[PDB]
Amino acid sequence: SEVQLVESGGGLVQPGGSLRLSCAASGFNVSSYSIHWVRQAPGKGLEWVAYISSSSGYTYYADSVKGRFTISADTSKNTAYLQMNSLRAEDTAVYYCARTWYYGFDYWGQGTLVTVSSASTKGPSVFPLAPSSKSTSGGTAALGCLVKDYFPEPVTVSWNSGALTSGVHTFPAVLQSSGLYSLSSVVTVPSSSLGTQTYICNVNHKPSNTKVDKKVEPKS
Amino acid sequence: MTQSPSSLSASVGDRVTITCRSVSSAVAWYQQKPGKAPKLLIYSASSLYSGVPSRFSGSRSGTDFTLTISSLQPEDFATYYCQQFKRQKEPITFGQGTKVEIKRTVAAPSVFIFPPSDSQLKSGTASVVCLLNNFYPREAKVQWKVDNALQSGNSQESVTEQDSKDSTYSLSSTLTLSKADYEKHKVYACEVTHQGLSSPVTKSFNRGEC
Amino acid sequence: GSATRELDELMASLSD
């Protein structure tokens with residue numbers, strides 16, 4: 001790695017608010033290559049949104065952001081910016097900057113998540129998904145935790161402090177109509193192990209400084 | 001505008017040619033994997049980007065631009081995008097993503113149902129979860145029944161990314177009711193229909209027994 | 001340099 005694009009300034013904002021993203025470039029001069037912003041809503045495709053030639057000053061915006069976003073650059077700090085005003089729910093996405101390479105974008109930043117919501121930051125409630133007592137001695141049982149009513153993304157879930165990894169599925173979060181997120185994490189284990197091994201999900205919500213361990217035990 | 005990627009199933013070793021769906025001057029192609037930045041494959045219609053494998057190629061014919069992967073390997077299963085450049089608004093546009101997934105033998109899901117916890121019920125809500133574990137193909141139908149009344153509009157689904165080791169999917173469906181509504185009924189059932197099941201499988205519990 | 005020229009000229013030439 002010699003050329004690099006490093007973004008920052010993302011995170012949380014309310015509808016009507018404003019954020020400023022930065023794109024710090026190294027290994028090349030911003031006055032030698034044009035730079036773009038591209039965004040991606042969760043589970044959706046890539047959307048090109050703005051362009052700037054730092055040397056000429058020429059700027060262009062997608063109609064989806066025209067009049068609301070301003071792209072600019074400071075050649076002395078070798079950094080490009082995206083000023084985003086009048087933000088809406090639908091502007092929620094990972095924002096990337098990227099460099100022109102003939103007809104193509106060669107280098108891309110790591111992405112910064114922007115979440116536009118009226119929700120305040122809130123830790124999850126964690127509830128056990130208790131294994132079926134009608135399992136029973138064999139063969140395979142399932143158990144899990146429901147991680148509910150948190151904002152914003154992300155949450156991490158581990159099992160038995162990372163000692164249990166085989167058979168774990170932590171599902172993508174869904175945004176509920178409350179504007180809060182919810183996900184489940186599940187694991188399959190031998191049914192014979194339900195009476196003989198403790199299972200604990202370790203849920204970490206870094207944005208709220210919340211960490212919950214929940215013991216998940218049979219019905220019985 | 002924009003939207004979810006479309007899907008293409010292929011076996012390791014298969015040959016794949018994607019066509020980029022106002023005529024364009026040039027096109028670029030990208031590969032993207034979950035939680036990662038897009039990666040440039042082909043620029044200016046047909047130029048292989050430095051370090052991209054030679055099994056990736058791009059070509060123009062008339063007004064139609066294609067990307068061909070001559071023989072797929074595991075690391076090529078990902079979402080692909082064409083980028084159109086044109087001398088007219090909008091001048092740069094990414095097409096709908098094409099998610100190339102691994103074709104695997106059909107595998108029926110293992111199904112598990114979970115009642116709401118007593119602690120959740122204290123807070124005035126009941127969430128009932130139905131798990132479909134390690135199945136293929138991705139397409140499955142989950143139908144909730146409460147006292148044999150078929151439900152709609154009170155559940156949400158979520159599906160995992162295709163498993164890196166066994167190429168299956170897993171799916172959660174959560175049925176959400178008020179505590180009051182949950183307590184008005186007895187039998188909670190999740191009915192699953194899938195290509196690997198000769199008839200639907202139902203998992204159920206009765207409130208107060210589990 | 002020449003890597004940025006084609007797209008930059010494309011963008012500068014736009015009228016609609």
Next on the checklist: Suppose we look only past 43 Å in the calculated P(r) of the protein assembly as shown. What percent of the Cα-Cα pairs does that tail hold?
Outcome noted: 23
Next on the checklist: Can you compute the FRET efficiency between A:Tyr58 and B:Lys36 using 1/(1 + (r/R0)^6), with r the Cβ-Cβ distance and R0 = 45 Å? Round to the nearest 0.05.
Outcome noted: 0.90
Item to check | Length gained when the stretch A:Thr140-A:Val174 is fully extended (0.36 nm per residue, less Cα-Cα span) | outcome: 9.5 nm
Checklist outcome for this item: Mean shadow area (nm²) of the C-alpha convex hull around segment B:105-210 is 7.1
Checklist entry - Which Rg and Dmax, in Å, describe the Cα atoms of segment A:119-220? => result 14.1, 45
Next on the checklist: Distance between the C-alpha centers of segment A:113-178 and segment A:3-19? Whole Å please.
Outcome noted: 27
Item to check | Debye equation applied to the C-alpha atoms of segment B:29-171, log10 I(q)/I(0) at 0.10, 0.12, 0.13 Å⁻¹ | outcome: -0.56, -0.71, -0.78
Checklist entry - Stretched out fully, how many nm does the piece from A:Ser193 to A:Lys77 gain, at 0.36 nm a residue minus the Cα gap? => result 35.9 nm
Checklist outcome for this item: Going through B:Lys36/B:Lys86; A:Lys134/B:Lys103; A:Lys44/A:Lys77; A:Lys215/B:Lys186 one by one, the pairs whose alpha carbons sit over 30 Å apart turn out to be A:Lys134/B:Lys103; A:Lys44/A:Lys77
Item to check | chain A: Cα Rg divided by the 2.2 N^0.38 Å rule of thumb | outcome: 1.32
Checklist outcome for this item: Site B:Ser50, offset 7 angstrom along Cα→Cβ, radius 12 Å on amide nitrogen, limited to segment A:90-118, gives A:106-107
Checklist entry - Gain in length, A:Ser120 to A:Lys215, computed as 0.36 nm per residue apart minus the alpha-carbon separation, to one decimal in nm? => result 31.4 nm
Item to check | Distance between segment B:1-34 and segment A:198-219 - C-alpha centres, whole angstrom | outcome: 39
Checklist entry - Can you pull the Kirkwood radius for segment A:160-220, inverse mean 1/r over Cα pairs, to one decimal in Å? => result 13.5
Checklist entry - What's the local net charge at A:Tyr81, with K and R +1, D and E -1, over the other residues with C-beta under 9 Å away? => result 0
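Read-outs throughout are calculated quantities, based only on the coordinates presented, and are distinct from any laboratory measurement. Here Cβ is always computed from backbone atoms with ideal geometry, including for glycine, and neighbour counts include all displayed protein chains.
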